[PDB]
Structure formats: structure tokens, C-alpha cells
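Okay, structure first, notes after.
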Amino acid sequence: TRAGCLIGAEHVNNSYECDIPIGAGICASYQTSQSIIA
Amino acid sequence: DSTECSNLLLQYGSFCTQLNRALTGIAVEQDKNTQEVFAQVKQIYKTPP
Ligand SMILES: *[C@@H]1O[C@H](CO)[C@@H](O)[C@H](O)[C@H]1NC(C)=O
Numbered sequence: 645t646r647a648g649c650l651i652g653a654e655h656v657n658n659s660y661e662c663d664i665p666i667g668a669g670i671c672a673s674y675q676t689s690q691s692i693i694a
Numbered sequence: 745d746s747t748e749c750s751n752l753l754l755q756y757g758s759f760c761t762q763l764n765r766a767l768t769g770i771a772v773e774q775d776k777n778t779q780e781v782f783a784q785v786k787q788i789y790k791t792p793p
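Protein chains in written order, with PDB author numbering: chain B, 645 to 676, 689 to 694; chain C, 745 to 793.
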């Protein structure tokens, strides 16, 4: 990302309303087993 | 770059931790400001010709 390099979450092309503010147009959520998505 | 840092941290880094929490709150707060001023309606209509 423009904010930095993110390790530990699975990137998804689809977009939802986000609750964890990462920055530079990226967000985080815990729903998908179950893993953190960006 | 001091050769002792763990002693310095456990004696005085907690003030910096609280102030870093204040700055993180200010940062997320500014992001929420931008969101509430530009995303009042979350609908995307394409610009017509
Ligand atoms: C997401 O988009 C990239 C763009 O190259 C593509 O390679 C990837 O397969 C896409 N993933 C899904 C799950 O659609």
C-alpha cells in the first residue's frame, strides 16, 4: 500500500464498509476458515 | 541509538506511549473528519456525458 507494506492479511478485490482504518484507501476487517482481510 | 534502551524504556517510555496514543487518536479522528465531510451520501452516480 501507499501507507506501507502489510503482512498477515488476505487481500480481496471486493469492497465493503470498513471499521478498521488502515490508510491510503485500504481498510481491514475480520470476516471471510476465518482470517483478517484487507 | 543509546546502548541501554530497555532500562530507558521501562523508566520513561510510558509517557511517550500515552502521548503516542493521543496522536493516534488525533490521526484516526482526522480520518473520521474527512469521512464525515465527504461521505455524507454513499452513492456513486457516474458523470453523464
Ligand atoms: C483480483 O484481481 C486480480 C487482478 O489481476 C486478479 O489477478 C485476481 O485473480 C482477482 N481475485 C479474485 C478473487 O477475483
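The beta carbon of each residue, even a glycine, is placed where N, CA and C say it ideally should be.
Query                                                                   : Result
Three-way DSSP call (helix, strand, coil) for B/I651 in this model      : coil
B/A672 vs B/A653 beta-carbon contact at 9 Å                             : yes
Simplified DSSP assignment, three categories, for C/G757                : helix
Closest residue to C/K786 among B/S689, B/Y660, B/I666 (Cα-Cα distance) : B/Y660
Interface residues of chain B facing C/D775 [CB-CB closer than 7 Å]     : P665
Nearest-angstrom Cα separation, counted from C/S750 out to B/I692       : 32 Å
Rounded C-alpha distance that separates C/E773 from C/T747              : 36 Å
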